[PDB]
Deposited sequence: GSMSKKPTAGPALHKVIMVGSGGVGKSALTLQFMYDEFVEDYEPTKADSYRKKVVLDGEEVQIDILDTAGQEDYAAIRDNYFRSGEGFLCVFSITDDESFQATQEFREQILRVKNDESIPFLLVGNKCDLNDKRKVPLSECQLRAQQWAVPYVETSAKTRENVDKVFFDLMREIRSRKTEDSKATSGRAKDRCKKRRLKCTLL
């Protein structure tokens, strides 16, 4: 009863900001059921090549986080999508695209969500909207694979 989650993205996007508010390993209630989850951050370690590869081997579900301000951080999202497919050679894998507000259009955000078979969710830094939804959303998609 343990679901391994990985948060992927660039620095300054605030995966770490999103990580801390959901918790502050954790025991949670998903669908009336006691489940434990590991959120393993690539925080600070994003520029290390072989490191993230090791994370993606053991990780069972992914959060692809980019900021709604920078074009550059949004541009790097397909690289992270590619890396995950290289490690986990399977198209049908738990995935979630996450926009984080704290310039890039919303219509262009929905386009990449449509290109793949996975939902897109937007979140705020400290307003805490959809912060719980994002993990709970992914955990169910992980449980679906289980």
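In this chain the deposited sequence has gaps in the coordinates at 1-11, 36-50, 129-134, 179-203, listed in sequence order.
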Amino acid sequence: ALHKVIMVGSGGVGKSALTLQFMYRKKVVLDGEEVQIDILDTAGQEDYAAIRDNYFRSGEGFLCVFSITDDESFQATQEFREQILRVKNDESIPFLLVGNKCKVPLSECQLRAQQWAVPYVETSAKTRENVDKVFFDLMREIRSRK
From here on, numbers count along this sequence of modelled residues.
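Just going by the entry, 34-42 versus 105-113 on mean CA temperature factor gives the higher value to 105-113. Comparing 116-124 with 57-65, the higher mean C-alpha B-factor in the PDB entry belongs to 116-124. The entry lists a Cα temperature factor for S10 that places it in the lowest third of the chain's modelled residues.
For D47, the recorded CA B-factor ranks within the lowest third of the chain. Only modelled residues enter the ranking.
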